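Engineer: Requesting a structural model of the entry that follows:
(chains A, B, C and D)
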Amino acid sequence: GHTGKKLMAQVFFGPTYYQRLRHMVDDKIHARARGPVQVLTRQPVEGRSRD
Amino acid sequence: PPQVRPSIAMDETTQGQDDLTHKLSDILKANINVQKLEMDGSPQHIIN
Amino acid sequence: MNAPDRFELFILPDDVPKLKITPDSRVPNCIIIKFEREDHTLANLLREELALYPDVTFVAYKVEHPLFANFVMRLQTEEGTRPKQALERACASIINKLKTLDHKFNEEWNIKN
RNA sequence: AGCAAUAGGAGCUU
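Structural biologist: Numbers count the residues shown, from 1 in each chain, chains lettered A, B, ... in the order given. Next up is the structure itself:
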């Protein structure tokens, strides 16, 4: 695509049935600088949803 | 201290004590029941 | 949520120049050009045009990262010639070739009717 | 300027 030159090797090419799995990066990316702590231990809470 | 056994909030107005707190309350009940036997009749099968 | 905008490929900011020239001091009479907001389309055209001149000794380009829309080009020339003048010469030559190509395509299309 | 706990279940990567 960059140069239009033929590729020296031939490429296995055709349609294939692919699936969209439920694991998205935007449902997993999490960062925490400072946030809520636990009442008992005063340590960072557990959970992406809980920060 | 209550730090070791803090209470918590379930739905915005309700609180249950930690296990250690209820255990200490049960111990206090037991203690007072002990102090209700050496003050009156106690036919030796309630003291034990 | 981290995806940049699809129009930053082509819209030039006001604080970002289109073109920036720095010299390569290691070899004589060589310059490094960074083209912002361009891609292989201009780069390959210019590279293969410049590579066929007698006075051009080195010419190359790369796109260091596909997620960023720029390329950098190294161009060296002989003692008398300046790489900048050769760059304008190549640009003008490709422009003239495209004009001739357009004229011939239009005449051919009219004849095909 | 303050967003509960405990459990069970289903999953992710080794």
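Engineer: now the residue most central in space within chain A: how far from residue C:8?
Structural biologist: The centroid of chain A falls nearest to residue A:25 when counting by C-alpha atoms, centre = their mean (2.7 Å). Distance of residue A:25 to residue C:8, computed by C-beta to C-beta, to the nearest Å: 21 Å. (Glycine included, C-beta is placed from N, CA and C.)
Engineer: Over to residue C:27?
Structural biologist: 34 Å.
Engineer: now the farthest one out in chain B, which residue is it?
Structural biologist: residue B:12 (26.0 Å).
Engineer: Need the nearest residue in space to the residue most central in space within chain B, chain neighbours excluded.
Structural biologist: What sits nearest the mean C-alpha location of chain B, by C-alpha atoms, centre = their mean, is residue B:25, with 1.7 Å. Spatial nearest neighbour of residue B:25, excluding adjacent residues (C-beta to C-beta, 6 or more residues apart in numbering or on different chains): residue B:17 at 7.9 Å.
Engineer: tally of neighbours for that neighbour?
Structural biologist: By other C-beta atoms under 10 Å in any protein chain shown, 15 other residues sit near residue B:17.
Engineer: before we move on, the earlier item: assign the residue farthest from the centre of chain B to helix, strand or coil.
Structural biologist: coil (DSSP: H, G, I helix; E, B strand; the rest coil).
Engineer: Relative to residue C:87, how far out is it?
Structural biologist: 71 Å.
Engineer: chain center to the longest helix anywhere in chain C, what's the gap?
Structural biologist: For chain C, the helix with the greatest residue count under DSSP state H is helix C:83-112. Relative to the chain's own centre, helix C:83-112 is displaced by 15 Å; criterion: C-alpha atoms, centre = their mean, to the nearest Å.
Engineer: Could you do stretch C:7-19 as well?
Structural biologist: Distance, centroid of stretch C:7-19 to centroid of chain: 16 Å (C-alpha atoms, centre = their mean).
Engineer: Can you report how many residues neighbour residue 3?
Structural biologist: All of this is about chain A. 11.
Engineer: not what I meant, chain C
Structural biologist: By the criterion of other C-beta under 10 Å, residue C:3 has 6 neighbours.
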